[PDB]
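Presented as structure tokens, the chain that follows is alone, the form deposited without ligand TYD.
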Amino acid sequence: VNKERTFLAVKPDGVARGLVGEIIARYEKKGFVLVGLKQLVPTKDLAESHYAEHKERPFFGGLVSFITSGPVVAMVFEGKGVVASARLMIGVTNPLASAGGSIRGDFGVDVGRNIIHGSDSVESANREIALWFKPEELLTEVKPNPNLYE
């Protein structure tokens, strides 16, 4: 279905390195539709909730601290297979192992400063979207370029 949505957040390092527009442009070119978008400095509570899955791990603390360390550009994209597609456009966890052509492959060097976050599944996408955005902040009627879908 073409109404699939994913949550992406350009982390503080990406924002600080001026990659926000470059990242958004890549998704717009692909044909995904921007359904939600806003810059914010995440509070500890939102952060801990975002990374709840790692709450029992030791690096959980470092994740929370970093993401709340500066502005973040949170966005929600809609489109067919956007969740897996966006992961693919992002690259693998280690930027050094990510292929040129992907966001982390092109701009990153360190796991801890890997620029962007993308939901890893439709269900995590749904949880993250509802976590980071009020429903009023999301487009209800999405109209993509007609030359994109059969």
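When you see a residue number, it is the position in the sequence shown, counting from 1.
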item	value
Greater mean Cα temperature factor according to the PDB record, 48-56 or 66-74	48-56
Stretch with the greater mean C-alpha B-factor as recorded in the entry, comparing 38-46 against 85-93	38-46
Candidate set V142, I129, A16, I24 [ranked by C-alpha B-factor, highest]	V142
Which of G61, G31, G105, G112 ranks first by CA B-factor in the deposited coordinates	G61
Where the record places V1 (Cα B-factor, split into thirds across the chain)	highest
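Missing here is the form deposited with ligand TYD bound; even so, the following discussion is about that form.
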{"property": "Contact flag, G112 vs ligand TYD in the bound PDB entry, heavy atom cut 4.5 Å", "result": "yes"}
{"property": "Residue contact check: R87 to ligand TYD in the bound PDB entry, 4.5 Å heavy atom", "result": "yes"}
{"property": "Ligand TYD contact in the bound PDB entry: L63, any heavy atom under 4.5 Å", "result": "yes"}
{"property": "Contact flag, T93 vs ligand TYD in the bound PDB entry, heavy atom cut 4.5 Å", "result": "yes"}
{"property": "Candidate site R5, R26 and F133: all three near ligand TYD in the bound PDB entry by heavy atom within 4.5 Å", "result": "no"}
{"property": "Partner contacts for 7-22, taking ligand TYD in the bound PDB entry and a 4.5 Å heavy atom cut-off", "result": "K11"}
